[PDB]
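The sequence lines fix the lettering, A, B, ..., with proteins before strands; numbering per chain opens at 1.
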Amino acid sequence: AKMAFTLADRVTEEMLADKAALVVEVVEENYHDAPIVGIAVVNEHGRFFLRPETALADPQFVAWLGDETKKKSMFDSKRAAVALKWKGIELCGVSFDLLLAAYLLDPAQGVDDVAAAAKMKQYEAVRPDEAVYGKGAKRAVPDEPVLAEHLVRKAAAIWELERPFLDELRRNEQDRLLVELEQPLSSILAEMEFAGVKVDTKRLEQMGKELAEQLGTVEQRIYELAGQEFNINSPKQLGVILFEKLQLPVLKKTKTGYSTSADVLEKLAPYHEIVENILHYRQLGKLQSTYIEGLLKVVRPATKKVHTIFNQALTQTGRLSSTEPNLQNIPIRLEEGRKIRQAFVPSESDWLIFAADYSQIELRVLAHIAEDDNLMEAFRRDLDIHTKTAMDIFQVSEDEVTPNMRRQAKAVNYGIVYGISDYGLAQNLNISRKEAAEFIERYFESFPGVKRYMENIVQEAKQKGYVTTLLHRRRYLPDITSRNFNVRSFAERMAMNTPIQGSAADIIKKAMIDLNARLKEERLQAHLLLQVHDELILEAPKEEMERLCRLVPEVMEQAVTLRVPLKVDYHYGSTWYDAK
DNA sequence: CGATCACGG
DNA sequence: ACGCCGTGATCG
Ligand SMILES: Cc1cn([C@H]2CC[C@@H](COP(=O)(O)OP(=O)(O)OP(=O)(O)O)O2)c(=O)[nH]c1=O
Ligand SMILES: OC[C@H]1O[C@@](CO)(O[C@H]2O[C@H](CO)[C@@H](O)[C@H](O)[C@H]2O)[C@@H](O)[C@@H]1O
Ligand SMILES: [Mg+2]
């Protein structure tokens, strides 16, 4: 169609109205220190394209960007706010984010550009980003006339789409979810990303050297026990060595061949001691490629900071994800890998890392939603839920529960409600299927409210076509009412899990908002560095630690009010490792 | 490029 | 058929 706009040479007053759609275009997927390629503004007065050299050097435009009373509608304002922070420019007054609006309406659409959001409301006057920029190796900023139209069309779409999106969100009881939760969170995340996390690169390099030496050792020992050289990192080549050369029993097959999973290898340990060396090599290899080589590749060598990106509009359940680097999967469960955490350090001298974590938040959320008398009682009385379950499924008194029995009970606790089978429980814990089935019966008899939640939540999903979380986030499950046992089954387990995992996401998000408010309120230097699903990581001057110790846990625990209390553990020290 | 494997929640 | 949600390295 025909859409008129001003390809402007200079900023003018009518471009600085107090309500506008604004596009600050960053074409690099990773927007940290990335170029801004163009600016579009659409308001009551018209449509404008501005060259970034010009607009970002203009004191009036920069003031307008920074003024919170001048309201902007955008798509992915976090991308813009961060790219602008790298250029030394503050962005304020973002009142609508089309990306977050589309995400809330349906995460399954995987909306990742203005065009994809526009399609939800049959708005077609805008091209997909991939069509304008090209895919893969063809990725390129087009000629200025083409770029300018594309950006103005994006700004025009946001301008037209705000009301229809807000109208549907309001209808879904998700309007406060957008304006009071996700949008404020976006600003908090932008600050966390830009600040970054400081890394001890010398320590990482030292670990890397040693690891390469252990790797070399374990590798040769594997070749020696196998009587051949092969690529150990090739599950397929490893399959041949284990199941053809060594004639080890084939315990599991996939559509592609023999499994060499950690679980299969565990079950093969009575047969040959090689499998235990292979497990060791894989643990070492992971630390090396992922957490040494990977981290050092992205660290900024002049500041020693890593700058992750929290994807706020990706997961189906309302969790965040973290990329380039992922800081939500740094090792903790085994002591060797946990030491990577010593390389995560305060950004200034005399600062400390502070870490706080919800205790068993998903099971507390389950207690609340299911209204199981027995489960609710456990949390109100501050009992250990994993020990209690152990007592119920092993039919023993409390003192008889072993640390191993607690671990098995933890697997039961995080498995049954989400649809684990007796088979799955038997395979995962390497125990008899008959006993696994008894565990499952005893659990349900001990927590009958949980059995009824599973039945009721699946019924609700079938009747409504979606499930909802505590703060009204939705996930649609069109696959749920199918005759196809597998497709229906996978959808049923999503119905069981999403309300629990998604409600836990809602609670921590609200917690981050409340916390930001107070830190700023009491004018502390403390700020957030990271969120890890049910944990918050901060850094602060050491003097601030007696305050954080009282403030952080309280904000966290009172974020929402449930039919059971929420519990938070917290720790500080001179590295992330030490914050335990 | 989709599976496999390992790491976290 | 066989708990859920993620990212990265690596393979063929
Ligand atoms: C280990 C593991 C964990 N999870 C999720 C669900 C919980 C969170 C946090 O794990 P944690 O051991 O702290 O659990 P928590 O209940 O906090 O137990 P602790 O009191 O920390 O022992 O991770 C899981 O889904 N499957 C697993 O096998
Ligand atoms: O800016 C993050 C935001 O952008 C999207 C696309 O709209 O994802 C892009 O950026 C991510 C972070 O660099 C990449 O991981 C992703 O591959 C890229 O498409 C959204 O998905 C995201 O919320
Ligand atoms: Mg825990």
Side-chain angles (χ1 to χ4, degrees), chain A residues 107 136 230-239 252 254-265 278-295 297-298 308-311 314-334 336-338 340-341 357-358 360-363 366 410-429 433 436-437 440 443 454 467 475 477 484-502 504-505 508 530-536:
Chain A
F230 62 109
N231 186 8
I232 307 166
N233 283 135
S234 181
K236 181 192 168 199
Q237 288 182 48
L238 182 62
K252 183 181 187 178
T254 56
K255 54 160 171 166
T256 65
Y258 313 122
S259 171
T260 62
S261 64
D263 287 339
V264 166
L265 270 42
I278 294 152
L279 288 156
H280 185 229
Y281 170 90
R282 277 186 183 162
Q283 300 171 347
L284 293 173
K286 177 61 179 178
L287 299 190
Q288 177 71 293
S289 68
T290 292
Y291 306 108
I292 304 297
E293 295 175 328
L295 223 31
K297 267 151 184 58
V298 298
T308 190
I309 290 160
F310 294 103
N311 200 326
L314 176 144
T315 76
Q316 296 307 298
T317 55
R319 276 181 173 192
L320 308 175
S321 70
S322 167
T323 60
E324 209 161 39
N326 187 350
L327 304 180
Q328 297 186 304
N329 73 338
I330 308 309
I332 197 163
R333 298 181 189 180
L334 294 165
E336 257 210 337
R338 189 178 184 145
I340 299 279
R341 285 192 177 207
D357 72 307
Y358 284 106
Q360 315 130 309
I361 193 172
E362 281 187 0
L363 297 166
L366 178 54
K410 188 192 278 195
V412 167
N413 275 333
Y414 289 111
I416 294 182
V417 62
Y418 307 138
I420 202 172
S421 64
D422 57 316
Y423 183 81
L425 199 56
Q427 296 289 293
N428 298 347
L429 298 173
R433 208 167 153 181
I440 294 164
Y443 180 90
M454 302 171 69
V467 298
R475 193 189 182 172
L477 301 166
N484 191 266
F485 177 74
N486 313 67
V487 161
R488 182 178 82 251
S489 279
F490 275 100
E492 293 178 354
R493 291 188 301 270
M494 297 176 177
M496 299 170 209
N497 172 264
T498 293
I500 312 307
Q501 185 191 118
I508 188 156
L530 299 170
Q531 180 253 46
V532 189
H533 314 302
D534 60 4
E535 303 171 5
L536 298 184

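Nucleotides B:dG2 and C:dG3 have their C1' atoms positioned 23 Å apart, rounded to a whole Å.
In this model, the phosphate group of C:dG6 is not approached by any side-chain N or O of A:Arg319 to a distance below 4.0 Å at OP1 or OP2. A sub-4.0 Å separation between OP1 or OP2 of C:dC5 and a side-chain N or O of A:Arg475 is present. At the phosphate of B:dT4, neither OP1 nor OP2 sits under 4.0 Å from any side-chain N or O atom of A:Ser259.
Counting any heavy atom pair closer than 4.0 Å across all strands shown, A:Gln427 reaches no nucleic acid atom. Residue-level contact check: A:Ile330 touches the backbone only, with heavy atoms under 4.0 Å from sugar-phosphate atoms and none from bases. Across all strands shown, A:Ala411 has no heavy atoms under 4.0 Å from either base or sugar-phosphate atoms.
Atom CG of A:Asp263 is separated from atom P of C:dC2 by 14 Å (rounded to the nearest Å). Residue A:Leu327 contributes atom CG, which lies 14 Å from atom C1' of C:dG6 at whole-angstrom precision. As a whole-Å value, the separation of A:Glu362 CD from C:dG6 P is 13 Å. Rounded to an integer number of Å, the gap from CG of A:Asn486 to P of C:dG3 is 12 Å. Note: CD1 (A:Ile278) to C1' (B:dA6) measures 15 Å, nearest angstrom. Here the P atom of nucleotide B:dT4 and the OH atom of A:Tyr281 are 20 Å apart, to the nearest Å. Remark: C1' of C:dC5 and CD of A:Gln531 are 12 Å apart, rounded to the nearest angstrom. Rounded to whole angstrom, the span from the CG atom of A:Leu279 across to the P atom of B:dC7 amounts to 9 Å.
Among all heavy-atom pairs drawn from A:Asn233 and A:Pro235, the shortest one is O-CD, 3.2 Å. The two residues A:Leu320 and A:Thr315 come nearest to each other via the heavy atoms O-CG2, 3.8 Å.
Residues from residues 491-499 of chain A with heavy atoms under 4.0 angstrom of DNA chain C, sorted by number: A:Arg493, A:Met494, A:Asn497.
Of the candidate nucleotides C:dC2, C:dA1, B:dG8, C:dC2 has the atom nearest to the side chain of A:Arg433. Proximity note for A:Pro331 (side chain, C-beta onward) versus C:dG3, B:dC5, B:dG8: the nearest is B:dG8. For A:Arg282, taking side-chain heavy atoms from C-beta onward, the closest of the listed nucleotides C:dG3, B:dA6, B:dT4 is B:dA6.
Taken to the nearest 0.5 Å, the OG1 atom of A:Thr317 stands 7.0 Å off from the CZ atom of A:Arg475. How far CG of A:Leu366 is from CG of A:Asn497: 10.5 Å, rounded to the nearest 0.5 Å. One finds the CD1 atom of A:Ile440 at 5.0 Å from the CD1 atom of A:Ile416 (value rounded to the nearest 0.5 Å). Between the OG1 atom of A:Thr308 and the CD atom of A:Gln328 there is a distance of 7.5 Å, given to the nearest 0.5 Å.
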Could you run down nucleotides 7-12 of chain C 5' to 3' and tag each one B, S or - for protein heavy-atom contact under 4.0 Å? BBSSSS

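Stacking of A:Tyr423 onto the six-membered ring of C:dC2 is present: less than 5.5 angstrom between centres, less than 30° between planes.
Between A:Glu492 and A:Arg488 there is a salt bridge, with a side-chain nitrogen of the basic residue lying less than 4.0 Å from a carboxylate oxygen of the acidic one.
Geometrically, A:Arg493 engages A:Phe490 in a cation-pi contact defined by less than 6.0 Å to the ring centre and at most 45° from the axis.
A:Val467 places none of its side-chain heavy atoms less than 4.5 Å from the side chain of A:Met494. You'll find the side chain of A:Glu324 stays beyond 4.5 Å of the side chain of A:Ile309, heavy atoms only.
No hydrogens or angles were tested; on distance alone, nothing pairs the side chain of A:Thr317 with the base of C:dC5 as donor and acceptor under 3.5 Å.
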